[PDB]
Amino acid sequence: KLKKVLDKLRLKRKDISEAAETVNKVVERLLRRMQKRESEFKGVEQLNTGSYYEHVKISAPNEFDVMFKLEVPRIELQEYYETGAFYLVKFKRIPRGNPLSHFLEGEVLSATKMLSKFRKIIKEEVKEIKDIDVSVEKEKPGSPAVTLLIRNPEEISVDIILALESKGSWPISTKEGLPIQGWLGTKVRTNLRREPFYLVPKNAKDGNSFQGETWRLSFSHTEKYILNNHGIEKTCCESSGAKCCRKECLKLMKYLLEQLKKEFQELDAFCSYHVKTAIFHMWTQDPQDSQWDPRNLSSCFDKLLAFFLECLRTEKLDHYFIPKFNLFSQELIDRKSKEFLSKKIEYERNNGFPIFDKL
């Protein structure tokens, strides 16, 4: 039943090969451009993130996410009023003459300006490439990405995401986040929090305050580690261990949402990150690998579904790394929208998911 759907969603070796050689050509070229050109982004480094590199991409290999991360030195952060996830970045002491002088304002590092130069460089280099059909997608407000459209023959999107890499303690808003103690352990949590944290040029809204200079926290690196080290036993899904169905529940849920979203404009507010967050919480609630036995795929998916509905009903979905940050606040997502998704999901669930059969 769901086995058949997973067979459908499973990427094909040839397709992965073909898509990857092309994306890697383009990304390589861009990345070389960033340092080989005496730019203000010299020293930038590649970190692949997201579904494809987490092995939870479904249907086709047509979306690739990449961070270009730049080690900015000692910076001071300021919480963009009690969101937890948004900040203004100032320099403790401006060492001066540095690459990012012209991105500053009043001791503040403007996300908009820096992103716009990043973008300008990217468009410029993209015009300079002749063996691949590749263009730059129109900018979306509220997006930290510069997105590329490649037509191999087939359509592939690539998000190039500029990120500041900071090596200090994680911000205090994350102190109670990443609650993996009973699941992946305290040693894993402590190690993960010894890793750098990332800031991303996503603008905060209202259109009120310092919208354009605002950055946002990102833990794409931590999420990648988790997705690939997801068991309570060290050998989960390893060649000398036993398979679980955690990844496949993520795939099915992502598929449900993708399908519902294709059909219904009313679901625009919702996204795959909501599903990823919800399953992270579920993996926390039920840490034992035995609670994700492949033979229990259906019930596992069902429990995931019920949890998601609960989140819609209570209108609460806390960011996994930032507890105070409610992804389903009435501010972010309209109540009517959550009732709508609730009803659609309940429909599909109660009728053996007809929408898994269509295209």
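Under this definition, the rigid core comprises the largest set of C-alpha atoms superposing within 1.5 Å between the forms. Residue positions are given as counts along the sequence shown, with the first one as 1.
Core superposition of the other structures onto this form places the C-alphas of 59-67 farther off in 7 other deposited structures of this protein than those of the other stretch among 59-67 and 298-306.
Superposing on the core and measuring CA offsets in 7 other deposited structures of this protein, the stretch of 78-86 and 228-236 with the greater mean deviation is 78-86. Omission of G97 is seen in a third or more of the other entries compared for this protein where the adjacent residues are built. Of the two segments, 298-306 and 28-36, the one listed with the higher mean B-factor is 28-36 (C-alpha atoms only). Relative to its counterpart among 327-335 and 50-58, 327-335 has the higher mean temperature factor, C-alpha atoms as listed in the PDB entry. Per the PDB record, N152 has a higher Cα B-factor than any other of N152, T147, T174, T235. You'll see in the entry that, of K243, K117, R194, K224, the Cα B factor peaks at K117. In this PDB entry, the Cα temperature factor of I121 sits in the top third of its chain's modelled residues, the highest group.
Among the modelled residues of its chain, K140 has a C-alpha B-factor that falls in the middle third according to the deposited record. When all modelled residues of the chain are sorted by CA temperature factor, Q285 is found within the lowest third. Among all modelled residues in this chain, the alpha-carbon of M67 has a temperature factor (C-alpha) in the middle third. In the PDB entry, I355 places in the middle third of its chain by CA B-factor.
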